[PDB]
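Asker: Here you go, one structure.
No Cβ is skipped: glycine too gets one built from the backbone with ideal geometry, and neighbour counts run over all protein chains shown. Computed from the coordinates by the stated procedures, all read-outs in this text should not be read as laboratory data.
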Amino acid sequence: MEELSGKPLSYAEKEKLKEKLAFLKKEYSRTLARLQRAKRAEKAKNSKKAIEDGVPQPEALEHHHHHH
Amino acid sequence: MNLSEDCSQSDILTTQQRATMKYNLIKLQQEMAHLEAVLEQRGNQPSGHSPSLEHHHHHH
């Protein structure tokens, strides 16, 4: 299910590898997905295919910039 | 394509959300490659990044 990344790491090294790099990998693909989906849908309502997203953690960044 | 004719594709994901998504994915990918590199090669010794999220529990 999970992948055992980090064999020769001590308690703190391994703590920081898992928790930091998993949070960063998640929010990378997460924020990317949220905005990419919003982009394509709003320009033209297209037939969406696949996304691994499931449990939402109240996440939005719906802001606007004066057009210049 | 027929059903989806478009639109104003320049600003849809807003110019604010453009600079936003750039600086977001930038900090996320820089901390990805650089912090891992420093951690697995040098043991997180010269960085020592314990931010504040030390809430790493599963079964106490």
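Asker: Given the structure, is residue A:29 outside any helix (DSSP H, G or I) and either touching a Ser or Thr at 6+ places or on another chain (Cβ under 9 Å) or free of Cβ contacts under 8 Å to residues at least 24 places away in the same chain (or both)?
Answerer: Values: outside any helix (DSSP H, G or I): no; either touching a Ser or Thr at 6+ places or on another chain (Cβ under 9 Å) or free of Cβ contacts under 8 Å to residues at least 24 places away in the same chain (or both): yes.
The answer is no for residue A:29.
Asker: Now, a different point. Given the residues B:25, B:13, which is the only one that is part of a loop (DSSP other than H, G, I, E, B) and either surrounded by fewer than 15 Cβ atoms within 10 Å (Cβ to Cβ) or facing another protein chain (nearest Cβ under 7 Å) (or both)? So that I can check it myself, show each step before the final result.
Answerer: Details: B:25 fails: part of a loop (DSSP other than H, G, I, E, B).
Every option except B:13 fails the conditions.
Asker: Another question, then. Name every residue in segment A:32-56 that is of a type in the set (D, E, K, R), at the interface with chain B (Cβ under 7 Å from one of its Cβ atoms) and not in a loop (DSSP other than H, G, I, E, B), in order of residue number. Reasoning before the result, please.
Answerer: In the first step, residues of segment A:32-56 are kept if they are of a type in the set (D, E, K, R); the result is A:34, A:37, A:39-40, A:42-43, A:45, A:48-49, A:52-53.
Checking which are at the interface with chain B (Cβ under 7 Å from one of its Cβ atoms) leaves us with A:39, A:42-43, A:45.
A:39, A:42, A:43, listed by residue number.
Asker: Can you tell me which residue within segment B:28-47, out of those that are at the interface with another protein chain (Cβ under 9 Å from one of its Cβ atoms) and closer than 17 Å to residue A:32 by Cα, is surrounded by the most Cβ atoms within 10 Å (Cβ to Cβ)?
Answerer: Checked segment B:28-47; the qualifying residue surrounded by the most Cβ atoms within 10 Å (Cβ to Cβ) is B:28.
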